[PDB]
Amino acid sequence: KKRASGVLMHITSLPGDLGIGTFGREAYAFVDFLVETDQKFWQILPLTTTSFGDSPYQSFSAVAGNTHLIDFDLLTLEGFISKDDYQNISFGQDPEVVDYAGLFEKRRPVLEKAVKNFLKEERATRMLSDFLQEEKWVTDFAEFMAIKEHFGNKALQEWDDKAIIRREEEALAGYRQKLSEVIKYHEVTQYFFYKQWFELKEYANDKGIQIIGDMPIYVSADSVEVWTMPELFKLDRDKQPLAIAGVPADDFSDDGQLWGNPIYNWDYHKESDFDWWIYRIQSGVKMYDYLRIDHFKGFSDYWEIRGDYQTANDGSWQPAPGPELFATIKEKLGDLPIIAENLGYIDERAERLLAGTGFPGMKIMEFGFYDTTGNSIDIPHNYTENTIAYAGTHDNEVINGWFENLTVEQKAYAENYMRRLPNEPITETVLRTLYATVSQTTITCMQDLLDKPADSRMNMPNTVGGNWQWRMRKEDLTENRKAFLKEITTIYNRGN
């Protein structure tokens, strides 16, 4: 099977003057750079909307576009805004750190000006409606966001009007009439998102560059889905989670993870023929070229923290109907370009899930040198072709960081195994080895390609301070870094 490689960089980490990466010029420059180095894949994070904490895996909707990624420049070149509208409206102090606090604050006059100008165009409504016909989910997400803003950006569970919380049709007809202009705002911003995003995906595809999108297993409890389709979750009459999502402690840290997402009533799914999941996967394979389903473990056995928790260890391992779901997807959708994220808590039910799909799974080389015997299943000599290998992912340390926190016997052993040449930064070491593996695809974390320090980690699971904030200086993508990436891509036979 044809070998290949790709780069792991979220749209947020692109550089720019808007305080956050955009579907704008530097995105097209990033594509240009991927074709320079004969890459195959661009892996991004999810493009969904974000909450407090700025995680895209706890989202107001499973399909809506994060509006922070809309580009003001592309919007100016359209006749919708001008640039005396965002020239010197500085979004953030440090270029290589996003400040999400108040960036939603600062984009809003600008986006509103653009939506007001888009609607006054004479063909406006027949373009917007022609859009809503292909993405039919838009309007009720837009009403969700409007009602949320009316109640002061308060969670769905703590709104004030219990009638609207459970969508009584008189209350609904009142809110959609009383708030029709702020709703149209959110419809139009979704139209902007999709127009710009599919422009970028088309540029990428026609240069031979393919996009690996991320699909979060769970949505947040503060969601248009918990609102319009509560029968998918274990919730009560006032729509609060009976049990929440998480993961228990494993052998390298004792407190585990509490996530907060609602839990699935997988029985309603099995009965409903997994309708909603077929729709998620279908819109995923249209949004992307390769879909990466997060937390594959959750389709065999998910961890279910009850209410009245004190830590996340107060839960259980519940059964999900993985086999049936994926047979249904195969039958109804054909076979599809999915890669499965199967890290952690692997038991033979999960290994059967994988074997039954034939999707590639993951190999995170950073987990595979903690045991100097060589027996770790994440050590390079145990990889097979049908896997996607990473140095780390966005939840692991950057390689420069991982290398600090090693037993000096573990350091010695790792420098042995990988044949580190003296006077050589170990990010280039690790990446040489990663690309030498028999894996069909290997992905390089744009942090480590530029040799960035421990500060640059994208996520650190089970915290909220300072996450999803890394951006990359254009100053740091020296011709030397690019030449290094092209070299490892040619030497180990993974080009184009």
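Each residue number is its position in the shown sequence, starting from 1.
- The deposited model assigns a higher average Cα B-factor to 248-256 than to the other stretch when 248-256 and 322-330 are compared.
- Comparing 387-395 with 156-164, the stretch with the higher mean C-alpha B-factor in the PDB entry is 156-164.
- Taking the deposited Cα B-factors for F60, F30, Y57, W42, the highest one is held by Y57.
- When the C-alpha B-factors of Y100, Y185, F296, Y417 are read from the PDB record, the largest value belongs to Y100.
- For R292, the recorded CA temperature factor ranks within the lowest third of the chain's modelled residues.
- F274: CA B factor in the middle third of modelled residues in this chain (values from the PDB entry).
- Ranked within its chain, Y413 lands in the middle third, by CA B factor from the PDB record.
- When the CA B factors of the chain's modelled residues are split into thirds, the value for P380 lands in the middle one.
- Among the modelled residues of the chain, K83 sits in the highest third by CA temperature factor in this PDB entry.
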